[PDB]
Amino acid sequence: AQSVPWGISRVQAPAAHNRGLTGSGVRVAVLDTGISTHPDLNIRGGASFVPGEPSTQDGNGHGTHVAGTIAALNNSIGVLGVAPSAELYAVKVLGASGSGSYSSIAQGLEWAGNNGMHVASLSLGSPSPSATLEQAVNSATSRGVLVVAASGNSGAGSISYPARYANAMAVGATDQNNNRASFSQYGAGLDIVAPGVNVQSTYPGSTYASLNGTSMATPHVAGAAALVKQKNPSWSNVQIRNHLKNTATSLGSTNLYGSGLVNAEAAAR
């Protein structure tokens, strides 16, 4: 039996799938700890930038979880992603312990822009700016990639890098009450929010697990961007990003929530 995690229905993905928008032909890169082979995922390709872990398989679990929120397959098992037809690429920039260099992350962004990815989902964050990182962000952006990044889980009134950069779309996390989750960073640079508490998704070992974080919120927005892209094939990264914000549901303060909660139905219309 397939179940629809609360976050997926919160962003109204099913309403968009009922109009035929599934993310088909949109190339999405998940920059994280890898993506493990799973019966509810279709991994098209990828690269590892982690010395020591030449494979794209995930030894951590995080990347596999992120990937399932974006594109868990629409079938009779497991869960359902926001864009179940998106072409998923595993870009391993973090090792099994969950860390890696700004250098590795930069290489993964370069890869994305060299491989014609439409959306890049970045799970990582840093309280400190990085010129290396910033440059990679801008380079992917000018190669047409929409870079989506997590605001961070410090609960601080300022957001992490690279989400803070102008060219990155910064995503914060909400709870089932449509309030900002306590750990969600907010403030200047925040663009939008999405579900980030008790998010059930695909997990290595052919199973499913529930996690919390701004990094669980991010993939909801990465997936909504693939629906808009499918609907409007000629739109650029900037056009998609502004449309998401323009159609998001206001939740109160833009300081805490940016444009509001992403609404995939409203955006993929």
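Just count from 1 along the sequence shown to find any residue number.
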(request) May I ask you to compare 256-264 and 10-18 by their mean CA B factor in the entry and name the higher one? (result) 10-18
(request) Name the higher of the two by mean Cα B-factor in the PDB entry, 123-131 versus 142-150. (result) 123-131
(request) By the entry's C-alpha temperature factors, tell me which of 81, 98, 187, 195 sits highest. (result) 98
(message) I'd like to know which of 168, 86, 156, 136 has the highest C-alpha temperature factor in the PDB entry.
(response) 156
(message) Ranking the modelled residues of this chain by C-alpha B-factor as given in the entry, is residue 232 in the lowest, middle or highest third?
(response) highest
(message) Among the modelled residues of this chain, does the Cα B factor of residue 219 put it in the lowest, middle or highest third?
(response) lowest
(request) Within this chain's modelled residues, let me know which third the CA B factor of residue 112 belongs to: lowest, middle or highest. (result) middle
(request) Going by the recorded CA B-factors, say which third of the chain residue 211 sits in, lowest, middle or highest. (result) middle
(request) Could you say whether, by C-alpha temperature factor, residue 74 belongs to the lowest, middle or highest third of its chain? (result) lowest
